[PDB]
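# An overview of the molecular structure
Spelled out from the first residue to the last, the chains are:
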Amino acid sequence: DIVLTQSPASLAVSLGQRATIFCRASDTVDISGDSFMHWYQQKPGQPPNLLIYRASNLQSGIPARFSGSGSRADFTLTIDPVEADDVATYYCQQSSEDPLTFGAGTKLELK
Amino acid sequence: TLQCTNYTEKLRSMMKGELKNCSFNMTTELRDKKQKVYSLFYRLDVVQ
Amino acid sequence: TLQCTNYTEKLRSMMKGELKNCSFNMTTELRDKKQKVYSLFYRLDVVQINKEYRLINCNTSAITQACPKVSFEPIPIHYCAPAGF
Amino acid sequence: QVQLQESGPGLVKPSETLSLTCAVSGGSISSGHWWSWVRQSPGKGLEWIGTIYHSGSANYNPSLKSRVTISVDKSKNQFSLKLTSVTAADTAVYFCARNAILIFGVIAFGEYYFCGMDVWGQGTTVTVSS
Amino acid sequence: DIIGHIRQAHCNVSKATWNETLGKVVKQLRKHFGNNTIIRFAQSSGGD
Ligand SMILES: *[C@@H]1O[C@H](CO)[C@@H](O[C@@H]2O[C@H](CO)[C@@H](O[C@@H]3O[C@H](CO[C@H]4O[C@H](CO)[C@@H](O)[C@H](O)[C@@H]4O)[C@@H](O)[C@H](O[C@H]4O[C@H](CO)[C@@H](O)[C@H](O)[C@@H]4O[C@H]4O[C@H](CO)[C@@H](O)[C@H](O)[C@@H]4O)[C@@H]3O)[C@H](O)[C@H]2NC(C)=O)[C@H](O)[C@H]1NC(C)=O
Ligand SMILES: *[C@@H]1O[C@H](CO)[C@@H](O)[C@H](O)[C@H]1NC(C)=O
Ligand SMILES: *[C@@H]1O[C@H](CO)[C@@H](O)[C@H](O)[C@H]1NC(C)=O
Ligand SMILES: *[C@@H]1O[C@H](CO)[C@@H](O)[C@H](O)[C@H]1NC(C)=O
Ligand SMILES: *[C@@H]1O[C@H](CO)[C@@H](O)[C@H](O)[C@H]1NC(C)=O
Ligand SMILES: *[C@@H]1O[C@H](CO)[C@@H](O)[C@H](O)[C@H]1NC(C)=O
Ligand SMILES: *[C@@H]1O[C@H](CO)[C@@H](O)[C@H](O)[C@H]1NC(C)=O
Ligand SMILES: *[C@@H]1O[C@H](CO)[C@@H](O)[C@H](O)[C@H]1NC(C)=O
């Protein structure tokens, strides 16, 4: 299995401040140049909603404040600025090798 | 002698097992020197 | 690969820097053995590779040795037409 | 767009089989997408169970291979998961979701790499108890 | 190396055109082998 280490377990910033959440795969998720790293926002009580696909591409309907980055096994996802409606647990997901695996989940809260 | 591995172990297509990444000590322009070469070969061209 | 030095370092003539004394490992009659050969080459025939030098032609082609028994002296050649011309 | 709605028992006696059916409304299960099941539980992040293509071919999580079977019902437009020998450790919220595919080539030769679960249902909470 | 994804090489023959082509072939074969018979096309046998 591909193991995804997510860090920090919890991050909090005041409104208007950018936040970065890291995801470190146990192995490479890049297949022939395409980085198969996915990023989801799971609001408490809600299902997760895909935000970023193929590591850096923003999903349609998701505000422009979301973006991603990374290559190989080291990925950095970010929110710029974090708004009040962004309090959520965020997870990374890999589709490079079956079984699909998910990260631990980072709780983004206001401060 | 070639030292070959599968080019991409993550393929789920009909091409899995095709295109091996083979390394070898190839000769160079000067008779006294050697170079290490990596190249791709189709499975049908390389026999264990 | 050739290991070359200037044949004569004391020259004050136009030959200073030309004509190098190159040491190299050449093959011999038996594949198992090698021989160490010292020879002189003109500078124009040896190019530095990085001292270590190679023949200028290693970059593009194999070199065929001219047979020493065959003279390069031009001889007259007559051209003669076939019948009807 | 297409919505996913699940239904099945929210309480299952230990060691019997849980059966969840996810209805697809507004889309078509027989399309170039893969359908999958995901679970969430306190202490455990999202864990993948398996995925199905409408042709009937399916991939499963290696630790669950002996206990989880999934299927597609093309006439009902429904995706089903049957999990046998359920234990207390299997308490979780179960989501049905649609996995988008790159399909960079002829699908007959594979050439599809999974690329993002873009549509998720609401989740059926299942507790194992008796 | 290969830029981008690895994909299988392939040929594409239209089904309607090929089916018409075989229909023409079957009638012409029947002219030599007899009518009211069955003509089967199958993949080639093994070999090089
Ligand atoms: C022989 O017969 C087979 C049988 O049909 C036929 O198969 C098809 O091959 C093509 C490639 O040759 C496959 O193409 C891909 O299809 C997907 C899916 O298409 C649907 O969805 C897209 C949008 O999601 C719609 O636009 C489309 O109309 C369909 O509804 C496409 O997503 C792929 O698009 C990418 O590649 C295109 C190729 O140029 C780009 O134009 C396009 O912008 C996309 O770019 C992405 O890939 C590029 C490289 O691949 C990359 O550079 C970009 O940055 C970007 O990442 C693509 O069209 C098609 O799926 C196959 N059909 C099957 C069976 O699924 C063969 O083509 C045919 N060959 C011969 C010899 O004629
Ligand atoms: C390459 O793939 C083939 C597919 O059958 C497999 O048998 C082989 O072990 C693979 N090689 C390596 C080095 O993983
Ligand atoms: C090239 O030669 C070296 C000599 O030590 C050897 O170790 C190496 O395995 C050779 N490489 C290949 C690809 O055979
Ligand atoms: C040979 O002479 C040339 C003259 O320019 C000089 O550059 C070169 O260093 C000399 N080489 C040796 C080995 O003395
Ligand atoms: C000839 O080969 C020997 C090893 O057998 C090596 O030490 C020497 O440097 C070589 N000579 C030249 C001129 O390269
Ligand atoms: C070697 O050949 C290339 C062309 O193939 C040429 O540009 C280069 O100058 C040559 N080397 C020397 C030392 O002249
Ligand atoms: C073959 O494998 C080696 C292993 O180090 C790697 O560096 C090289 O890029 C591979 N070749 C290709 C063409 O991917
Ligand atoms: C082959 O490609 C040409 C390109 O113009 C197209 O017109 C033709 O229909 C194609 N044929 C098949 C059988 O795909």
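To keep things clear, this report deals only with the structure shown in the data block. (Residues numbered from 1 in each chain as written, not as in the entry; some residues may be left out. Chains lettered and ligands numbered in written order. Part of a larger assembly, values for the part shown. Heavy atoms only, no water.)

## A few points about the state of the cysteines
In protein chemistry, a disulfide is the covalent bond that joins the sulfur atoms of two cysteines. Residue and element names in this part refer to chain A. Scanning the entire structure with this criterion turns up four disulfides over all chains. Two residues share a disulfide in this structure: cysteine 23 and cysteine 92, whose sulfurs sit 2.0 Å from each other. Residues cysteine 23 and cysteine 92 share a disulfide whose torsion about the S-S bond is about 65 degrees; that sign makes it right-handed. Taken together, the residues span a long stretch of sequence, with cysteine 23 in strand β3 (residues 19–25) and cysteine 92 in strand β11 (residues 88–94) at a distance of 69 residues. (Disulfide = S-S within 2.5 Å. Helix = DSSP H or I, 4+ residues; strand = E, 2+ residues; numbered from the N terminus.)

## Brief notes about the pattern of salt bridges
This model, assessed by the stated rule, comprises 13 salt bridges over all chains. Among the salt bridges present, the one from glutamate 97 of chain A reaches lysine 10 of chain B, with a minimum N-O distance of 3.5 Å. Taken as a pair, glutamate 97 of chain A in the loop between β11 and β12 (101–102) and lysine 10 of chain B in the loop between β1 (3–6) and β2 (20–27) lie in two separate chains rather than in one. On the basis of relative accessible area, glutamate 97 of chain A is assigned to the partly exposed category, the value being 30%. One salt bridge in this structure joins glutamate 18 of chain B and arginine 43 of chain B, with 3.5 Å as the shortest N-O distance. With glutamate 18 of chain B in the loop between β1 and β2 and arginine 43 of chain B in the segment after β3 (34–41), the pair connects residues that are 25 residues apart, well separated along the chain. For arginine 43 of chain B, a relative accessible area of 41% corresponds to the partly exposed category. Each member of the salt-bridge network shares a partner with another, and the members are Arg39, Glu47, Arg67 and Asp90 of chain D. (Salt bridge = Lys/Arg side-chain N within 4 Å of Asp/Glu carboxyl O. Buried < 20%, exposed > 50% of the residue type's maximum accessible area, 1.4 Å probe, protein only.)

## Some details on the interface of chain B and chain D
Residue-level contacts link five residues of chain B with five residues of chain D. Together, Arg12, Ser13 and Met14 of chain B form the three largest contributors to the area buried by chain B at its contact with chain D, with a combined 82%. Taken together, the connections running from chain B to chain D amount to zero salt bridges. Counting every contact that joins chain B to chain D gives one residue pair in polar contact. (Contact = heavy atoms within 4.5 Å. Buried area = accessible area lost by both parts, 1.4 Å probe. Polar contact = N/O pair within 3.5 Å; in protein donor to acceptor, adjacent residues only side chain to side chain.)

## Some words on unusual backbone geometry
A cis amide bond links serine 7 of chain A with the next residue in sequence, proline 8 of chain A, at an omega value of 0 degrees. Residue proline 81 of chain A is bonded to the preceding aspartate 80 of chain A through a cis peptide linkage, with omega at -10 degrees. Within the element layout of this structure, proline 81 of chain A appears in the loop between β10 (74–79) and β11. Even without being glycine, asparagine 50 of chain C reaches a positive phi, approximately 70 degrees. Assignment of secondary structure puts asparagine 50 of chain C in the loop between β4 (46–48) and β5 (52–55). Look at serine 15 of chain D: it is not a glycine, yet its phi comes out positive at around 75 degrees.

## Some remarks on the site of ligand 5
All names here are of chain C. Taken together, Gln3, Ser23, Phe24 and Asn25 make up the full set of residues adjacent to ligand 5. A distance of 2.3 Å separates an oxygen atom of ligand 5 from a polar atom in the side chain of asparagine 25. For ligand 5, the accessible surface in isolation is 360 Å², of which the surrounding protein chains cover 40%. A total of three residues in the shell around ligand 5 trace back to one element, the largest contributor, which is strand β2 (residues 20–27). Of the residues contributing to the shell around ligand 5, the split by class is one nonpolar, three polar and no charged. (Near = heavy atom within 4 Å. Areas by Shrake-Rupley, 256 points an atom, 1.4 Å probe, with all protein chains shown as cover. Nonpolar A, V, L, I, M, F, W, Y, C, P; charged D, E, K, R; others polar.)

These values are about where atoms sit, not about what they do.
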